[PDB]
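Report on one structure; see the data block that follows.
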Amino acid sequence: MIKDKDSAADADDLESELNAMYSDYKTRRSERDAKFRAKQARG
Amino acid sequence: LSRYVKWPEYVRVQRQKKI
Amino acid sequence: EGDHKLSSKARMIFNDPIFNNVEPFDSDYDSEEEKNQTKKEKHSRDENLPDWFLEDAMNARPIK
Amino acid sequence: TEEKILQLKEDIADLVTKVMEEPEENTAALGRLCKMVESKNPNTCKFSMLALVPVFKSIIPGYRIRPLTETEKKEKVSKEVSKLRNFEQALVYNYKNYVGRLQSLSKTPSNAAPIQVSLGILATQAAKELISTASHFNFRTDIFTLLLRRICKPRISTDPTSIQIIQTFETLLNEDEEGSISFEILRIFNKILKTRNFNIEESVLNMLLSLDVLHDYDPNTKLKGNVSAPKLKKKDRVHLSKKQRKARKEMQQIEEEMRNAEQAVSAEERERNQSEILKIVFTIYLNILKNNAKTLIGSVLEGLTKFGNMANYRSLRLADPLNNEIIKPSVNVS
Amino acid sequence: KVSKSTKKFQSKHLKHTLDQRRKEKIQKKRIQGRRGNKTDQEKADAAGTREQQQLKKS
């Protein structure tokens, strides 16, 4: 339990969480073929 | 992992429109 | 033992072949010109919104 | 000051021993050792910089360390993995600082005191020795750039390291089959040449003759005789639980498809790298020909003859071409 | 005394086994004199190593 509030920090944290979720979604959806994994190795 | 399952689609969308 | 000046570990460390002979018109390269050339090449080869919103051959025919 | 030299050597040896055997939690030792390289004292710089080369050549991993940032992780769940991650980040940072110091020390206009020239020579030797194994690591571009800048000097005969650097580059280009490192080196080489109006020594330009990516061999070449036990004998197996055997089967089935995909990706990338390298090499050769440098014509024509079918005066040079005992020059004879 | 397995095999599988043996022998005899039938190890031996190939090219 945290009894404190922030004006813009909360929005920035929400944006960061959404960005992380979208990036993980992209990585998971693109890792369905092993060719992408092999390419990332030499990336 | 896939932690997104902590948010349903409606919550995620209604928070995306906030940004 | 042998009574050396250096310790045994120091003897091993400093006797490596990398410690050989180790005893205690005109032009200078133009970094500015190459930086300008790289910038020109980059120009010749081609903001607040979130990422999840925005996104939503010379060997072709050889003899073989 | 001689006893000071002995004390400095003892301190360096102590730090090297402290970090050598178990480097994960001896990070501060490596950090201080790398900081010793930036010291203005020539003795400390020389000894630390020369002693750090085996340390890196041992502690550099077999891969490239990704910039794993916590932002996508948000895990905070690790006991023996967090220390490994910290060690990897600190190793990347220290190696970056070391390579930057090497690059700064390599640049010497040959007009300062001989101590600085010796420092530059030793730094160049250290960088040359480091790249033999650290080519598959972060910030290889800086080492390549400094080595090529040393090689692409108008006068290199007085440099006591040009032979060794040319040999290392030729070996790197000869043993690289996929064409990634070769293309990475060739891009920097072209970038440097375009600054110097394509004016180097025939010997320097001779490194492009060793590009393996631009070579084709028999589909059934005989490799070296390599013998190993095919399978562990049935009566000499180790006991595995049912869960262990199932996991072994699963990881084998994953590894088989990973190997298939790796082979496919390597095959599809070799062709593209070959095309790009052919473009760069032919552009360099044609620019040399248009410049009409009298001391580079033979090597250029030999390069065209060697690499022409892949597309769609020995006393006036040093550093005879790599594998010259068997590579009889077709066009660039004496 | 004949074993049961021998009786079963001779009653069931002898004819096609003999026919396949005959066909294999015929094919081997036919391709014995042909040119262009070599094993992979023999092909590698004839090809030689890389260094042998730069030696041959020179």
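Numbering starts fresh at 1 for the residues of each chain in the structure tokens, the chains themselves are lettered A, B, ... in the order given, and ligands are numbered from 1 as they appear.
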
Report as a ChimeraX atom specification the set of chain A residues whose atoms approach chain B to within 10 Å, with distances computed over only C-alpha atoms.
-> /A:11-12,14-15,17-18,20-22,24-25,28

Keeping only C-alpha atoms, take the residues you just selected and write them out as a PDB file, in the first residue's frame.
```
ATOM      1  CA  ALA A  11       1.359   8.921 -16.964  1.00  0.00           C
ATOM      2  CA  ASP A  12       5.016   8.351 -17.864  1.00  0.00           C
ATOM      3  CA  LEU A  14       1.809   4.007 -17.794  1.00  0.00           C
ATOM      4  CA  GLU A  15       3.372   4.899 -21.149  1.00  0.00           C
ATOM      5  CA  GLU A  17       4.401  -0.121 -19.298  1.00  0.00           C
ATOM      6  CA  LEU A  18       2.400   0.065 -22.529  1.00  0.00           C
ATOM      7  CA  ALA A  20       7.090  -2.711 -22.797  1.00  0.00           C
ATOM      8  CA  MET A  21       3.897  -4.699 -23.387  1.00  0.00           C
ATOM      9  CA  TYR A  22       3.877  -3.825 -27.093  1.00  0.00           C
ATOM     10  CA  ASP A  24       7.118  -8.034 -25.775  1.00  0.00           C
ATOM     11  CA  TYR A  25       4.087  -8.709 -27.980  1.00  0.00           C
ATOM     12  CA  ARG A  28       6.758 -13.052 -29.038  1.00  0.00           C
TER      13      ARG A  28
END
```

Fill in: Contacts of range 10-26 of chain C at 10 Å (only C-alpha atoms; same-chain gap of 6+ positions) as a PyMOL selection string
(chain C and resi 4) or (chain D and resi 2+5-6+9-14+16-17+42-44+46-47+50-51+53-54+115+118+122+125-126+129+153-155)

| query | Residues of chain B in alpha helix (DSSP H) according to DSSP, as a ChimeraX atom specification? | reply | /B:9-16

- Once you count only C-alpha atoms, which residues of chain E turn out to be within 12 Å of chain D? Could you give them as a PyMOL selection string? chain E and resi 39-58

At most 10 Å is the cut-off: for each residue in chain D with any atom that close to an atom of chain A, write down the nearest atom pair and the distance in Å rounded to one decimal, counting only C-alpha atoms, chain first then increasing number, as JSON lines.
```
{"residue": "D:63", "atom": "CA", "partner": "A:41", "partner_atom": "CA", "distance": 8.7}
{"residue": "D:64", "atom": "CA", "partner": "A:41", "partner_atom": "CA", "distance": 8.7}
{"residue": "D:66", "atom": "CA", "partner": "A:43", "partner_atom": "CA", "distance": 9.8}
{"residue": "D:71", "atom": "CA", "partner": "A:20", "partner_atom": "CA", "distance": 7.2}
{"residue": "D:72", "atom": "CA", "partner": "A:20", "partner_atom": "CA", "distance": 5.2}
{"residue": "D:73", "atom": "CA", "partner": "A:20", "partner_atom": "CA", "distance": 8.5}
{"residue": "D:74", "atom": "CA", "partner": "A:20", "partner_atom": "CA", "distance": 9.7}
{"residue": "D:136", "atom": "CA", "partner": "A:42", "partner_atom": "CA", "distance": 9.4}
{"residue": "D:180", "atom": "CA", "partner": "A:42", "partner_atom": "CA", "distance": 8.7}
{"residue": "D:254", "atom": "CA", "partner": "A:34", "partner_atom": "CA", "distance": 9.4}
{"residue": "D:257", "atom": "CA", "partner": "A:34", "partner_atom": "CA", "distance": 7.2}
{"residue": "D:258", "atom": "CA", "partner": "A:34", "partner_atom": "CA", "distance": 5.9}
{"residue": "D:259", "atom": "CA", "partner": "A:38", "partner_atom": "CA", "distance": 8.7}
{"residue": "D:260", "atom": "CA", "partner": "A:34", "partner_atom": "CA", "distance": 8.6}
{"residue": "D:261", "atom": "CA", "partner": "A:35", "partner_atom": "CA", "distance": 5.0}
{"residue": "D:262", "atom": "CA", "partner": "A:38", "partner_atom": "CA", "distance": 5.3}
{"residue": "D:263", "atom": "CA", "partner": "A:38", "partner_atom": "CA", "distance": 8.8}
{"residue": "D:264", "atom": "CA", "partner": "A:35", "partner_atom": "CA", "distance": 7.6}
{"residue": "D:265", "atom": "CA", "partner": "A:35", "partner_atom": "CA", "distance": 6.4}
{"residue": "D:266", "atom": "CA", "partner": "A:38", "partner_atom": "CA", "distance": 8.6}
{"residue": "D:269", "atom": "CA", "partner": "A:39", "partner_atom": "CA", "distance": 9.2}
```

Just to be explicit: take each residue in the selection above, keep N, CA and C atoms, and write the result as a PDB file, in the first residue's frame.
```pdb
ATOM      1  N   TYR D  63      29.930 -14.684 -27.141  1.00  0.00           N
ATOM      2  CA  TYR D  63      28.863 -14.037 -27.891  1.00  0.00           C
ATOM      3  C   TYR D  63      29.000 -12.527 -27.730  1.00  0.00           C
ATOM      4  N   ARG D  64      28.018 -11.801 -28.252  1.00  0.00           N
ATOM      5  CA  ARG D  64      27.920 -10.359 -28.078  1.00  0.00           C
ATOM      6  C   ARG D  64      26.926 -10.065 -26.964  1.00  0.00           C
ATOM      7  N   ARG D  66      24.181  -8.274 -25.244  1.00  0.00           N
ATOM      8  CA  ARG D  66      23.102  -7.367 -25.592  1.00  0.00           C
ATOM      9  C   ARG D  66      22.905  -6.325 -24.492  1.00  0.00           C
ATOM     10  N   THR D  71      14.053  -2.188 -18.176  1.00  0.00           N
ATOM     11  CA  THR D  71      12.764  -1.580 -18.504  1.00  0.00           C
ATOM     12  C   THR D  71      11.764  -2.620 -18.999  1.00  0.00           C
ATOM     13  N   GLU D  72      12.191  -3.498 -19.907  1.00  0.00           N
ATOM     14  CA  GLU D  72      11.308  -4.560 -20.369  1.00  0.00           C
ATOM     15  C   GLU D  72      11.271  -5.743 -19.413  1.00  0.00           C
ATOM     16  N   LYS D  73      12.233  -5.840 -18.495  1.00  0.00           N
ATOM     17  CA  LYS D  73      12.288  -6.984 -17.593  1.00  0.00           C
ATOM     18  C   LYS D  73      11.358  -6.800 -16.398  1.00  0.00           C
ATOM     19  N   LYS D  74      11.638  -5.799 -15.556  1.00  0.00           N
ATOM     20  CA  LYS D  74      10.880  -5.565 -14.323  1.00  0.00           C
ATOM     21  C   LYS D  74      10.756  -6.842 -13.497  1.00  0.00           C
ATOM     22  N   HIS D 136      34.203 -11.280 -32.424  1.00  0.00           N
ATOM     23  CA  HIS D 136      32.777 -11.521 -32.213  1.00  0.00           C
ATOM     24  C   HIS D 136      32.292 -10.900 -30.905  1.00  0.00           C
ATOM     25  N   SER D 180      30.118 -11.707 -42.829  1.00  0.00           N
ATOM     26  CA  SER D 180      29.699 -10.617 -41.954  1.00  0.00           C
ATOM     27  C   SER D 180      30.891  -9.771 -41.519  1.00  0.00           C
ATOM     28  N   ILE D 254      14.198 -29.217 -30.154  1.00  0.00           N
ATOM     29  CA  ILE D 254      14.356 -27.782 -30.367  1.00  0.00           C
ATOM     30  C   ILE D 254      15.667 -27.488 -31.087  1.00  0.00           C
ATOM     31  N   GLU D 257      15.735 -28.124 -35.018  1.00  0.00           N
ATOM     32  CA  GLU D 257      15.134 -27.073 -35.829  1.00  0.00           C
ATOM     33  C   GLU D 257      15.933 -25.778 -35.747  1.00  0.00           C
ATOM     34  N   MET D 258      16.549 -25.494 -34.594  1.00  0.00           N
ATOM     35  CA  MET D 258      17.400 -24.311 -34.504  1.00  0.00           C
ATOM     36  C   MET D 258      18.606 -24.432 -35.425  1.00  0.00           C
ATOM     37  N   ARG D 259      19.200 -25.624 -35.507  1.00  0.00           N
ATOM     38  CA  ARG D 259      20.324 -25.838 -36.413  1.00  0.00           C
ATOM     39  C   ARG D 259      19.893 -25.715 -37.869  1.00  0.00           C
ATOM     40  N   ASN D 260      18.728 -26.268 -38.215  1.00  0.00           N
ATOM     41  CA  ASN D 260      18.227 -26.127 -39.581  1.00  0.00           C
ATOM     42  C   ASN D 260      18.035 -24.659 -39.946  1.00  0.00           C
ATOM     43  N   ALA D 261      17.393 -23.897 -39.057  1.00  0.00           N
ATOM     44  CA  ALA D 261      17.168 -22.480 -39.325  1.00  0.00           C
ATOM     45  C   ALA D 261      18.480 -21.709 -39.382  1.00  0.00           C
ATOM     46  N   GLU D 262      19.441 -22.061 -38.526  1.00  0.00           N
ATOM     47  CA  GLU D 262      20.740 -21.398 -38.551  1.00  0.00           C
ATOM     48  C   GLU D 262      21.451 -21.634 -39.874  1.00  0.00           C
ATOM     49  N   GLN D 263      21.413 -22.871 -40.375  1.00  0.00           N
ATOM     50  CA  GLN D 263      22.016 -23.157 -41.673  1.00  0.00           C
ATOM     51  C   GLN D 263      21.329 -22.373 -42.782  1.00  0.00           C
ATOM     52  N   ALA D 264      19.994 -22.318 -42.757  1.00  0.00           N
ATOM     53  CA  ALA D 264      19.272 -21.575 -43.786  1.00  0.00           C
ATOM     54  C   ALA D 264      19.612 -20.088 -43.744  1.00  0.00           C
ATOM     55  N   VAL D 265      19.675 -19.507 -42.544  1.00  0.00           N
ATOM     56  CA  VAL D 265      19.982 -18.085 -42.413  1.00  0.00           C
ATOM     57  C   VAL D 265      21.407 -17.796 -42.867  1.00  0.00           C
ATOM     58  N   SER D 266      22.359 -18.657 -42.495  1.00  0.00           N
ATOM     59  CA  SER D 266      23.733 -18.461 -42.946  1.00  0.00           C
ATOM     60  C   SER D 266      23.825 -18.532 -44.465  1.00  0.00           C
ATOM     61  N   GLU D 269      22.312 -15.366 -45.975  1.00  0.00           N
ATOM     62  CA  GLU D 269      23.066 -14.151 -45.689  1.00  0.00           C
ATOM     63  C   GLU D 269      24.410 -14.109 -46.396  1.00  0.00           C
TER      64      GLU D 269
END
```

If we count only C-alpha atoms, what is near range 27-30 of chain C at a cut-off of 10 Å, once residues fewer than 2 positions away on the same chain are taken out, given as a list in words?
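Final neighbour list, sorted by chain and number: residues 25, 32, 33, 34 and 35 of chain C; 107, 108, 109, 149, 152, 153, 154, 155, 192, 195 and 196 of chain D.
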
| What are the residues of chain C that have an atom within 9 Å of an atom of chain B, counting only C-alpha atoms, as a list in words? |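 Output check: residues 49, 50 and 53 of chain C.
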
Restrict the calculation to only C-alpha atoms, then for each residue of range 60-129 of chain D with any atom at most 9 Å from an atom of range 32-37 of chain D give the closest atom pair and their distance in Å to one decimal, rows by chain and rising residue number, as a tab-separated table.
```
residue	atom	partner	partner_atom	distance
D:94	CA	D:34	CA	6.4
D:95	CA	D:34	CA	8.1
D:97	CA	D:34	CA	7.5
D:98	CA	D:34	CA	6.3
D:101	CA	D:37	CA	7.5
```

* Could you give me, as JSON, numbers by chain, the residues within 9 Å of range 284-293 of chain D, counting only C-alpha atoms and dropping anything in the same chain fewer than 2 positions from it? => {"D": [190, 193, 194, 197, 198, 199, 279, 280, 281, 282, 295, 296, 297, 300, 301, 303, 304]}

Would you mind reading off the distance between CA of residue 159 in chain D and CA of residue 175 in chain D, one decimal, in Å?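 That distance, rounded to one decimal, is 25.7 Å.
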
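The interatomic distance for the pair CA of residue 47 in chain C and CA of residue 9 in chain A works out to 19.4 Å.
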
* At a cut-off of 6 Å, list the chain C residues touching chain D, using only C-alpha atoms, as a VMD selection string. => chain C and resid 10 57 to 62

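Remark: for chain C, the closest of the candidate residues A:26, A:32, A:7, A:13 is A:26 (distances computed over only C-alpha atoms).
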
Expressed in Å, the length from CA of residue 245 in chain D to CA of residue 233 in chain D is 16.7 Å

* Asked: Could you pull the residues within 8 Å of range 82-89 of chain D, counting only C-alpha atoms, minus those fewer than 3 positions along the same chain, as a ChimeraX atom specification?
  -> /D:23-25,27,65,78-79,92-93

Now that the selection is made, can you save its residues with N, CA and C atoms as a short mmCIF file (atom, residue, chain, number, x, y, z; two decimals), in the first residue's frame?
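To be explicit, this is the file written out as result20.cif:
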```
data_model
loop_
_atom_site.label_atom_id
_atom_site.label_comp_id
_atom_site.auth_asym_id
_atom_site.auth_seq_id
_atom_site.Cartn_x
_atom_site.Cartn_y
_atom_site.Cartn_z
N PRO D 23 36.08 -14.25 -11.98
CA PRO D 23 35.94 -12.81 -12.23
C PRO D 23 34.57 -12.22 -11.92
N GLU D 24 33.56 -13.03 -11.60
CA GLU D 24 32.21 -12.50 -11.46
C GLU D 24 32.10 -11.50 -10.32
N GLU D 25 32.70 -11.79 -9.17
CA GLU D 25 32.63 -10.90 -8.02
C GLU D 25 33.95 -10.21 -7.72
N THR D 27 34.93 -7.80 -9.73
CA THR D 27 34.74 -6.77 -10.75
C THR D 27 35.56 -5.52 -10.45
N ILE D 65 27.32 -9.21 -26.03
CA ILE D 65 26.49 -8.91 -24.86
C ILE D 65 25.45 -7.88 -25.28
N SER D 78 16.37 -12.79 -9.16
CA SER D 78 17.62 -13.45 -9.52
C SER D 78 18.55 -13.42 -8.32
N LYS D 79 19.26 -14.52 -8.11
CA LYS D 79 20.27 -14.60 -7.06
C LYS D 79 21.66 -14.85 -7.60
N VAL D 92 31.47 -5.02 -20.18
CA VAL D 92 31.25 -4.21 -21.37
C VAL D 92 31.78 -2.79 -21.16
N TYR D 93 31.48 -2.20 -20.00
CA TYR D 93 31.93 -0.84 -19.72
C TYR D 93 33.45 -0.74 -19.70
#
```
